[PDB]
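Student: Dumping the structure here so I can ask a few things about it.
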10 protein chains.
Amino acid sequence: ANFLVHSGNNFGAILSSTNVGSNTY
Amino acid sequence: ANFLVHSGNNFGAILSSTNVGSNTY
Amino acid sequence: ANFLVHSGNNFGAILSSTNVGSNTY
Amino acid sequence: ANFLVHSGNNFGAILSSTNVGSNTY
Amino acid sequence: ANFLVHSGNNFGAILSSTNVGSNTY
Amino acid sequence: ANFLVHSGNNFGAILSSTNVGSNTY
Amino acid sequence: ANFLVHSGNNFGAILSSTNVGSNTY
Amino acid sequence: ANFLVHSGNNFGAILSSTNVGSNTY
Amino acid sequence: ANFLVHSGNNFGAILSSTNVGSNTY
Amino acid sequence: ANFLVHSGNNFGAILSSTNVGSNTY
């Protein structure tokens, strides 16, 4: 089993970016 | 089994970006 | 079994972006 | 079995974007 | 079993970046 | 005499803002 | 005499801001 | 006489800011 | 006479800032 | 007479700053 948890992350500004704040499997 | 959890993430502004705040499998 | 959960995510503004705040399988 | 859950996501403004806030299979 | 936990991370500004604030498997 | 000229300005997305792209006197 | 000229300015995304791209007198 | 000229400025993303890309007198 | 000229300035991302890319008099 | 010229300046990311890339008089 694989568990991925993402919580309470604040991102100000994202430009021309990939795989940011994501659960990539 | 694979578990992906995404919660409570604040994103200010996103421009020309890919796979942001997503559960990609 | 695969479980993907998406909850309580606030997105300010999205421009010319792909796969944002999505459950991609 | 595949389970995809999408809830309580607030999107401010979306322009020229693809696959945003969607359950893509 | 693999457990990945992401919480309470503040990101000011992200430009032309990859795999930032993400659980990559 | 006061001259104010506003031309050819492209605005992507505006949220909770005041006095944007305006000639304020 | 006061001359203010505003032309050809591209703004991606504006959030919770004041006096942006404006001729304020 | 006072001359203020604003041209060809590209702004990616603006958050919680004041007097950005403006001719303030 | 006072001449202020602003041209061809690229700004990536601006957060919680004042008097950025402006002709302040 | 006072002449101020601003051209071709690239700014990556600005946070909590004052009087950046501006013609202040």
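By convention in this document, the chains of the structure tokens carry letters A, B, ... by their order, each chain's residues are numbered from 1, and ligands are numbered from 1 in the order they are shown.
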Give me, as a list in words, all polymer residues having an atom no more than 7 Å from residue 19 (chain B), counting only C-alpha atoms and skipping those fewer than 2 positions away in the same chain.
Tutor: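 Neighbouring residues, sequence-local ones excluded: residues 18, 19, 20 and 22 of chain A; 17, 21 and 22 of chain B; 18, 19 and 20 of chain C.
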Student: Pull C-alpha atoms from the residues just selected and write them as a PDB file, in the first residue's frame.
Tutor:
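Output below, filename part_37.pdb:
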ATOM      1  CA  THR A  18       5.433  21.529 -13.637  1.00  0.00           C
ATOM      2  CA  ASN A  19       4.412  19.106 -10.886  1.00  0.00           C
ATOM      3  CA  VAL A  20       3.859  21.673  -8.141  1.00  0.00           C
ATOM      4  CA  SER A  22       0.792  17.468  -6.629  1.00  0.00           C
TER       5      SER A  22
ATOM      6  CA  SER B  17       1.748  25.556 -15.598  1.00  0.00           C
ATOM      7  CA  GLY B  21      -2.490  20.699  -7.176  1.00  0.00           C
ATOM      8  CA  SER B  22      -3.519  17.462  -8.876  1.00  0.00           C
TER       9      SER B  22
ATOM     10  CA  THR C  18      -3.260  22.144 -17.827  1.00  0.00           C
ATOM     11  CA  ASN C  19      -4.226  19.512 -15.251  1.00  0.00           C
ATOM     12  CA  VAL C  20      -4.846  21.870 -12.336  1.00  0.00           C
TER      13      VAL C  20
END
Student: Least-squares superpose chain C on chain B across all ordered C-alpha pairs, then write out what you get as a PDB file with N, CA, C and O atoms, in the first residue's frame.
Tutor:
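Here's the written file result30.pdb:
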ATOM      1  N   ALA C   1      -3.280  -1.431  -2.918  1.00  0.00           N
ATOM      2  CA  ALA C   1      -4.117  -0.240  -2.876  1.00  0.00           C
ATOM      3  C   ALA C   1      -3.271   1.025  -2.829  1.00  0.00           C
ATOM      4  O   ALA C   1      -2.237   1.066  -2.170  1.00  0.00           O
ATOM      5  N   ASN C   2      -3.711   2.055  -3.543  1.00  0.00           N
ATOM      6  CA  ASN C   2      -3.050   3.352  -3.553  1.00  0.00           C
ATOM      7  C   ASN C   2      -4.029   4.407  -3.073  1.00  0.00           C
ATOM      8  O   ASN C   2      -5.146   4.505  -3.591  1.00  0.00           O
ATOM      9  N   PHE C   3      -3.616   5.190  -2.082  1.00  0.00           N
ATOM     10  CA  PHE C   3      -4.439   6.249  -1.517  1.00  0.00           C
ATOM     11  C   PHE C   3      -3.759   7.586  -1.754  1.00  0.00           C
ATOM     12  O   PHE C   3      -2.592   7.765  -1.393  1.00  0.00           O
ATOM     13  N   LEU C   4      -4.482   8.514  -2.366  1.00  0.00           N
ATOM     14  CA  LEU C   4      -4.006   9.870  -2.591  1.00  0.00           C
ATOM     15  C   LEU C   4      -5.005  10.837  -1.974  1.00  0.00           C
ATOM     16  O   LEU C   4      -6.200  10.769  -2.275  1.00  0.00           O
ATOM     17  N   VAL C   5      -4.522  11.721  -1.107  1.00  0.00           N
ATOM     18  CA  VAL C   5      -5.374  12.654  -0.382  1.00  0.00           C
ATOM     19  C   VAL C   5      -4.860  14.066  -0.619  1.00  0.00           C
ATOM     20  O   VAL C   5      -3.663  14.328  -0.472  1.00  0.00           O
ATOM     21  N   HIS C   6      -5.765  14.967  -0.992  1.00  0.00           N
ATOM     22  CA  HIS C   6      -5.436  16.362  -1.256  1.00  0.00           C
ATOM     23  C   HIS C   6      -6.430  17.233  -0.505  1.00  0.00           C
ATOM     24  O   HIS C   6      -7.640  17.108  -0.712  1.00  0.00           O
ATOM     25  N   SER C   7      -5.931  18.108   0.367  1.00  0.00           N
ATOM     26  CA  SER C   7      -6.819  18.902   1.205  1.00  0.00           C
ATOM     27  C   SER C   7      -6.183  20.238   1.556  1.00  0.00           C
ATOM     28  O   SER C   7      -4.960  20.344   1.660  1.00  0.00           O
ATOM     29  N   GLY C   8      -7.029  21.251   1.722  1.00  0.00           N
ATOM     30  CA  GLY C   8      -6.649  22.531   2.294  1.00  0.00           C
ATOM     31  C   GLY C   8      -5.441  23.231   1.710  1.00  0.00           C
ATOM     32  O   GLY C   8      -4.649  23.815   2.452  1.00  0.00           O
ATOM     33  N   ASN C   9      -5.294  23.213   0.391  1.00  0.00           N
ATOM     34  CA  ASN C   9      -4.173  23.858  -0.279  1.00  0.00           C
ATOM     35  C   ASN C   9      -4.652  25.148  -0.928  1.00  0.00           C
ATOM     36  O   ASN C   9      -5.610  25.134  -1.708  1.00  0.00           O
ATOM     37  N   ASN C  10      -3.992  26.255  -0.611  1.00  0.00           N
ATOM     38  CA  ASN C  10      -4.341  27.562  -1.154  1.00  0.00           C
ATOM     39  C   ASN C  10      -3.328  27.938  -2.225  1.00  0.00           C
ATOM     40  O   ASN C  10      -2.123  27.967  -1.961  1.00  0.00           O
ATOM     41  N   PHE C  11      -3.817  28.225  -3.429  1.00  0.00           N
ATOM     42  CA  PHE C  11      -2.976  28.609  -4.556  1.00  0.00           C
ATOM     43  C   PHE C  11      -3.316  30.037  -4.958  1.00  0.00           C
ATOM     44  O   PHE C  11      -4.471  30.336  -5.277  1.00  0.00           O
ATOM     45  N   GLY C  12      -2.314  30.916  -4.931  1.00  0.00           N
ATOM     46  CA  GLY C  12      -2.572  32.317  -5.221  1.00  0.00           C
ATOM     47  C   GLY C  12      -2.864  32.577  -6.690  1.00  0.00           C
ATOM     48  O   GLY C  12      -3.909  33.120  -7.037  1.00  0.00           O
ATOM     49  N   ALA C  13      -1.939  32.189  -7.563  1.00  0.00           N
ATOM     50  CA  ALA C  13      -2.073  32.490  -8.984  1.00  0.00           C
ATOM     51  C   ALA C  13      -1.190  31.540  -9.775  1.00  0.00           C
ATOM     52  O   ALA C  13      -0.025  31.343  -9.424  1.00  0.00           O
ATOM     53  N   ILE C  14      -1.746  30.958 -10.833  1.00  0.00           N
ATOM     54  CA  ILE C  14      -1.074  29.941 -11.632  1.00  0.00           C
ATOM     55  C   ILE C  14      -1.081  30.383 -13.088  1.00  0.00           C
ATOM     56  O   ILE C  14      -2.138  30.721 -13.632  1.00  0.00           O
ATOM     57  N   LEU C  15       0.093  30.387 -13.716  1.00  0.00           N
ATOM     58  CA  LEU C  15       0.240  30.828 -15.098  1.00  0.00           C
ATOM     59  C   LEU C  15       1.099  29.837 -15.863  1.00  0.00           C
ATOM     60  O   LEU C  15       2.211  29.515 -15.428  1.00  0.00           O
ATOM     61  N   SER C  16       0.588  29.363 -16.998  1.00  0.00           N
ATOM     62  CA  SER C  16       1.323  28.512 -17.935  1.00  0.00           C
ATOM     63  C   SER C  16       2.006  27.344 -17.226  1.00  0.00           C
ATOM     64  O   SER C  16       3.189  27.070 -17.419  1.00  0.00           O
ATOM     65  N   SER C  17       1.223  26.624 -16.431  1.00  0.00           N
ATOM     66  CA  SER C  17       1.748  25.556 -15.597  1.00  0.00           C
ATOM     67  C   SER C  17       0.996  24.264 -15.874  1.00  0.00           C
ATOM     68  O   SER C  17      -0.114  24.265 -16.409  1.00  0.00           O
ATOM     69  N   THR C  18       1.623  23.154 -15.499  1.00  0.00           N
ATOM     70  CA  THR C  18       1.086  21.824 -15.727  1.00  0.00           C
ATOM     71  C   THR C  18       1.162  21.020 -14.440  1.00  0.00           C
ATOM     72  O   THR C  18       2.139  21.122 -13.695  1.00  0.00           O
ATOM     73  N   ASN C  19       0.127  20.224 -14.186  1.00  0.00           N
ATOM     74  CA  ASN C  19       0.090  19.292 -13.064  1.00  0.00           C
ATOM     75  C   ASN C  19       0.337  20.015 -11.738  1.00  0.00           C
ATOM     76  O   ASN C  19       1.283  19.738 -11.003  1.00  0.00           O
ATOM     77  N   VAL C  20      -0.557  20.954 -11.447  1.00  0.00           N
ATOM     78  CA  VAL C  20      -0.499  21.753 -10.229  1.00  0.00           C
ATOM     79  C   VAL C  20      -1.700  21.409  -9.365  1.00  0.00           C
ATOM     80  O   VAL C  20      -2.844  21.477  -9.827  1.00  0.00           O
ATOM     81  N   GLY C  21      -1.441  21.051  -8.112  1.00  0.00           N
ATOM     82  CA  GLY C  21      -2.489  20.699  -7.176  1.00  0.00           C
ATOM     83  C   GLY C  21      -3.374  19.570  -7.653  1.00  0.00           C
ATOM     84  O   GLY C  21      -4.589  19.604  -7.450  1.00  0.00           O
ATOM     85  N   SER C  22      -2.776  18.551  -8.264  1.00  0.00           N
ATOM     86  CA  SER C  22      -3.519  17.463  -8.876  1.00  0.00           C
ATOM     87  C   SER C  22      -3.035  16.128  -8.335  1.00  0.00           C
ATOM     88  O   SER C  22      -1.887  15.992  -7.913  1.00  0.00           O
ATOM     89  N   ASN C  23      -3.927  15.142  -8.348  1.00  0.00           N
ATOM     90  CA  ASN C  23      -3.569  13.760  -8.042  1.00  0.00           C
ATOM     91  C   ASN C  23      -3.366  13.040  -9.368  1.00  0.00           C
ATOM     92  O   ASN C  23      -4.322  12.553  -9.974  1.00  0.00           O
ATOM     93  N   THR C  24      -2.119  12.975  -9.821  1.00  0.00           N
ATOM     94  CA  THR C  24      -1.781  12.346 -11.089  1.00  0.00           C
ATOM     95  C   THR C  24      -1.375  10.900 -10.845  1.00  0.00           C
ATOM     96  O   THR C  24      -0.515  10.625 -10.005  1.00  0.00           O
ATOM     97  N   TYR C  25      -1.998   9.984 -11.576  1.00  0.00           N
ATOM     98  CA  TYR C  25      -1.689   8.570 -11.436  1.00  0.00           C
ATOM     99  C   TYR C  25      -1.107   8.026 -12.732  1.00  0.00           C
ATOM    100  O   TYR C  25      -1.539   8.402 -13.819  1.00  0.00           O
TER     101      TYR C  25
END
